[PDB]
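Okay, so here's the structure we're looking at.
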Amino acid sequence: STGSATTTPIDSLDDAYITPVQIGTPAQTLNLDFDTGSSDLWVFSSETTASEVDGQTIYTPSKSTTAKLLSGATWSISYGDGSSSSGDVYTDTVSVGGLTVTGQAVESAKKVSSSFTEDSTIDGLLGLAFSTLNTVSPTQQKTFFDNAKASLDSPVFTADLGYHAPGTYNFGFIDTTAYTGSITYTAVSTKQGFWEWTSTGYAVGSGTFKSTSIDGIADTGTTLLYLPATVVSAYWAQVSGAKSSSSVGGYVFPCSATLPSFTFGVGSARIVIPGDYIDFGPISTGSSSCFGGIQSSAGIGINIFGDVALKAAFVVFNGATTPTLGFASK
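Each step along the sequence shown adds one to the number in PDB author numbering, with nothing skipped, and position 126 is 126.
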């Protein structure tokens, strides 16, 4: 089997992407944030504290003839950005772009943190990291991909995120029309439960490529590109007036600037992030100070190849017995 679904930016900055997901019988369609940095499929629901729901579409398990309470199961998750959610668990039928899993754990939120409430466009998350990170207790549950894998034509999914435009998540096949040149594959460590890999280096603008190993995670659920302070300083030094602002929480730059591109290495291959992908707009409405899309990972504890990086590529998440990651230009 295969599936193919369009993913759409939630706003004009590409702060996140939502993908429609069918849950239950009859189908209830929710728009979920596909997140290769976590492993829980959780939704706003009829059980979510009412004051914490503000415009989201909810899953109502009592209206699904295929929903079953997973007795005794609870979940609770905290994300790198400080947000969180928790609740109980159902199993139900879940379909993405025509690919159906029966008996998928659907984690129903009883509580969500303010950042989730405040974002009306995201009805929940669909985790695509390794199932070892799943938070369901006392019996850990499998991700949608893990459950689908054996049925897929090939045990892969691909992320093709757009810049200020829709893109595609495919399951079970590689669309050879969706990228240019070849896909370069690189090793993955699953030791931390992430799609963790090592970039071979970087360049700023038309500058020379610096060969250096950068361990990090391919994370569709993180907006920005978080890299070591040395790398990030080298980038922003090429932007007149750019500075790190403790009050704002990272590098800012004059909105009048033209940003240089940023290149990262995948083996001997190179992925070029155009400068405009690195512009996250005014820090507050009407400001002429703009927020940068490349930020320091210092004090995160891990480098993160988030949407800024991934949207410059066609990305293969290869879930073979030994997982790997592939990147192509597009």
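C-beta atoms are modelled at their ideal positions from N, C-alpha and C, and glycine is treated no differently.
In the three-state reduction of the DSSP assignment, residue 156 falls in the strand class, which pools E and B. Looking at 317, 93, 268, the one whose alpha-carbon comes closest to that of residue 103 is 93. In this model, residue 1 and residue 151 are separated by some 6 Å (Cα to Cα).
Counting every other CB atom within 10 Å of its CB across the protein chains shown gives residue 175 a total below 16, marking it as exposed.
As far as DSSP is concerned, residue 219 takes part in no beta bridge. When DSSP states are grouped into helix, strand and coil, residue 134 belongs to the coil group. With a contact defined as Cβ atoms closer than 8 Å, residue 99 and residue 59 miss out at about 19 Å. With contact defined as three or more Cβ pairs closer than 8 Å, the segment 35-44 and the segment 104-117 are in contact.
Secondary structure of residue 68 (DSSP, three-state): strand.
Note on residue 265: 16 or more other CB atoms within 10 angstroms of its CB, so buried under the neighbour-count rule. In the displayed model, residue 261 falls within coil according to three-state DSSP, outside both helix and strand. With fewer than 16 other CB atoms across the displayed protein chains lying within 10 angstroms of its CB, residue 276 is exposed.
Judged by DSSP in its simplified three-state form, residue 57 adopts coil rather than helix or strand. Of the candidates 137, 190, 222, 296, the residue whose Cα lies closest to the Cα of residue 321 is 190. The segment 70-79 and the segment 125-136 touch, with three or more beta-carbon pairs separated by less than 8 Å. In the three-state reduction of the DSSP assignment, residue 328 falls in the strand class.
Nearest neighbour of residue 255 by Cα position, chosen from 11, 267, 240, 135, turns out to be 240. As a beta-bridge residue in DSSP terms, residue 290 pairs with 253, 282. For residue 245, the CB contacts under 6 Å within the same chain, skipping 5 residues up- and downstream, are 252 in chain order. Annotation for residue 193: 129, 130, 132, 133 place their beta carbon closer than 6 Å to its own, counting only its chain and skipping 5 residues before and after. Per DSSP, residue 145 is one residue of the alpha helix (DSSP H) stretching across 144-148. Residue range 229-236 is occupied by the alpha helix (DSSP H) that includes residue 236. By the criterion of a C-beta distance shorter than 6 Å, residue 248 is surrounded in its chain by 283, once the five residues flanking it on both sides are discounted. A residue is called buried when at least 16 other Cβ atoms come within 10 angstroms of its Cβ; residue 142 meets this threshold and is buried.
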